[PDB]
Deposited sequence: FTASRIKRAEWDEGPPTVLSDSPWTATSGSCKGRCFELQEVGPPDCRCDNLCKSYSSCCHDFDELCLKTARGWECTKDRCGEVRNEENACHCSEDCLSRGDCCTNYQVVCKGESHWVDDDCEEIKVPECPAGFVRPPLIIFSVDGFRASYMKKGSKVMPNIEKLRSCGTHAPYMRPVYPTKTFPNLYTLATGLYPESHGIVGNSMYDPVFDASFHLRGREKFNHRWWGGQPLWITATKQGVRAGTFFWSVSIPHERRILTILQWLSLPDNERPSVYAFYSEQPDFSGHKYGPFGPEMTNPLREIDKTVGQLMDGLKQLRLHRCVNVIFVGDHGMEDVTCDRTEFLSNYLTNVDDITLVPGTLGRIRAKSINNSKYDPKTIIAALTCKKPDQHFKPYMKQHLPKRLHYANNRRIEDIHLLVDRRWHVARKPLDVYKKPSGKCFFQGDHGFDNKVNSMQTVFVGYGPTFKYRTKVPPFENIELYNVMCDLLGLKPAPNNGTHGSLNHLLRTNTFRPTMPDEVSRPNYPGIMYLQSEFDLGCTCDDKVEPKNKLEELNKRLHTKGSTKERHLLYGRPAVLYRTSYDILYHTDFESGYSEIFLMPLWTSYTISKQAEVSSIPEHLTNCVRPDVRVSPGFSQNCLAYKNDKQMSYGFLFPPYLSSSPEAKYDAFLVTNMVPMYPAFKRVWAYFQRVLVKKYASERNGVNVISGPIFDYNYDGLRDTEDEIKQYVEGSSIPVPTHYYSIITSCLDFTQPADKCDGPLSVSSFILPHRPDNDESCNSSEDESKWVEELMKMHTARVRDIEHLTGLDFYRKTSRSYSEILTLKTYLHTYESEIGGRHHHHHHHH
């Protein structure tokens, strides 16, 4: 119930929300059907439109007007935004040459530069160049301020997941808004774009920026605008709030536009109908900047122009139907479109088996335009699994396509020509970031970055302590003139042991064998030096990784590689080695095919054994440092140490062997040497965080050897590739992966072909940030470089995406 008989007199766009049944006058009252009877009359005035004209200049004030051109309008804070241009001979902001904003130039009584976030739905990154001729205000912001060539959204690349990620710094799996449509089986409730359930606070996790601000005594504008409020009135409302007395005036504001998304769905991303919505958004930006210039705030406010996701060409005819695959299509519920999510239609159906559904959807048609996954098997970079609202079965849909349950869903719902939602590395999904103002840099291009990083920056811009989030605070310091956040490196928690030779060969009863009983004072001291770390500077280029949790581990040195060997998990946590451009690849010699050698530095009780592998008919083993890249026949024996062995399914060994034998040398050739750090990951509860021992669900049969869920590698070289990776004076370049450790290659439909036709494709799909590996391992990399720590944080957030220009 709402008692709509109250009045909005003196309350238009009030900031504090009044509770039912009292009627409302805030910018969301329309959405709740709760506005006072006189809200339209008083708060949504439209008389005479949005612009001053010559004949209106100096007019007697008429309070009916949408905005004013009377001499008193500046003091009232309600001039039309073009008032000073039309009436006082001033220039539009866009026509002024840009001039560096070295210091905030704020009116008296301003305690900090305000922040205005100007958010645009469906604003594809390439619009900044392709539309630049029709967006002069936006082009001025971009060229004069700080901009990225694009900003990477979160998956799914839908509106509500992304706008809430922007507001909280969190992945959708953590903030809870995992789609525009959701079912929560604990609540037994459904969230939809249409209707009232979406207003219930129980859906919305984390702590969005407006709450962070309020909790720390920084006043916020209300960020949400009912759709019927015209953009011109949104801009005027912001400018009016900026005229409030100091103690009442917010410090942070948000504007939102439903365009260009609205038109992009109808016309496609580059439909000729798209030029007008881009012109109109630019015009709104110009209104805001002119309005700020009127208030003498245009060199005081920090403005962020930011999108949620891009837009791809998608038409009704490019729809895959589950009814062409499943015998039992009426037994499932599908959330459809540019991603698929599948669950049982009935929880009383005991005949429901996700395994048979996945299998029926796997590589069944030559050109199949989606791929099914159990959510834990999705690329770890998507961070899209750890939430009860994410169905166990996910379909990753190819760009330009939809999935639907049956054909009747698509014509009893072609209209549309654009959509979004796909994998967040897809070029058409990328969106925009520009920051302009005193706290941003001047005429500065920054590399692409992820939207999860912005909350921390917005907090920095407002002097707020961010709530715990998934950004890496400091990684965007290079966007900022001032207000940088200068983190300290985390403290190492576990110090390594450095074991010497402590065990005799006969103490080991591991069931292993090796043809190494082949026999010099010259070379003997030299090999002792290698075991004490004489080559470590060559192979550990950025310091040893720090272990940020409590555990027992040993540093093991060798001619060709260094490792941190876990006595708890019976295998290395990391293995580090450098491969120069000149390195040669060799075979595993015949006599060494099945060689595994006890490590006399590590007790039998803290070693793996070969017998467990012999007896486990599903599980084989691989090596972290590759025997193929040994520096000499003699050094190759180190690569067969039991302390370099890790459990690998035979199907995964196909992947791993090709990476080690072919791809590492390829990368060294291309990048002028590479440093590689490889190791296992255990994430059985798919939370993106390192498992403890008691979370491990699978072991090599009969043994205490834990089976990794993934294998990672971090591949580092010099950004200036004229310098070799091991003699790099400046910034680094990295690419990494987190490969799923799976007993089949069903993910790769072409896996019957030579690895040259499918392995690198798999690896590209499972590309990762170093930060992703840090979360999954409790390790901290790049501890000892010549580089500034914030530069290293940026490097750790880098994702190599493998998309074209």
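- Taking the first deposited residue as 1, the stretches without any C-alpha atom are 1-23, 437-440, 547-548, 835-846.
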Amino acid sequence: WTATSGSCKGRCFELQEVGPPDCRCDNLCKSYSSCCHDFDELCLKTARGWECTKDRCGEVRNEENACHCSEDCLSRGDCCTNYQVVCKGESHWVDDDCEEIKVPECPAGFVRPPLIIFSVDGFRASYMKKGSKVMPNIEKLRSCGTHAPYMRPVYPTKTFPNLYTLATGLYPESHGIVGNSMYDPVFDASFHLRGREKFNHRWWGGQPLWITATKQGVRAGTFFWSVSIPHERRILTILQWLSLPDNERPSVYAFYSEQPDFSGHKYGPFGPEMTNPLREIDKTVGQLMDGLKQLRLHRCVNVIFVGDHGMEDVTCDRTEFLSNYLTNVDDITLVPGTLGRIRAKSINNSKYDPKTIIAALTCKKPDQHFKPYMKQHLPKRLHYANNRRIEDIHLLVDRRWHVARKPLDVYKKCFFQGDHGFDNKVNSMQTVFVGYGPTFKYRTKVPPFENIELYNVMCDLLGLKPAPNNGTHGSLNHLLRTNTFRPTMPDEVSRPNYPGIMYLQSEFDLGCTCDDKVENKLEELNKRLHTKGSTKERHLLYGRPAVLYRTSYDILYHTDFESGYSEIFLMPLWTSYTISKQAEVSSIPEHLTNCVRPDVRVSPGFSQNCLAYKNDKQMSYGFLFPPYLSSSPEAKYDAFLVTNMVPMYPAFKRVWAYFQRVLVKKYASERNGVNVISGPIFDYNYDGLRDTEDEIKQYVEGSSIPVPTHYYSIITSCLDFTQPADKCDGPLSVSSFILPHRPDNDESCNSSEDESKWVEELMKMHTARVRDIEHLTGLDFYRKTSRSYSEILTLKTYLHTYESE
From here on, numbers count along this sequence of modelled residues.
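- Comparing 37-45 with 769-777, the higher mean C-alpha B-factor in the PDB entry belongs to 37-45.
- Relative to its counterpart among 497-505 and 425-433, 497-505 has the higher mean temperature factor, C-alpha atoms as listed in the PDB entry.
- Sorting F416, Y628, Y373, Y557 by the CA temperature factor given in the entry leaves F416 at the top.
- You'll see in the entry that, of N470, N456, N349, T284, the Cα B factor peaks at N349.
- Ranked by C-alpha B-factor against the other modelled residues of its chain, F199 falls in the highest third.
- Placement of the Cα temperature factor of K796 within the chain: lowest third of the modelled residues, per the deposited record.
- Sort the modelled residues of the chain by CA B factor and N745 lands in the middle third.
- In the deposited entry, the Cα temperature factor of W758 sits in the middle third of values across the chain's modelled residues.
- For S552, the recorded CA B-factor ranks within the middle third of the chain. Only modelled residues enter the ranking.
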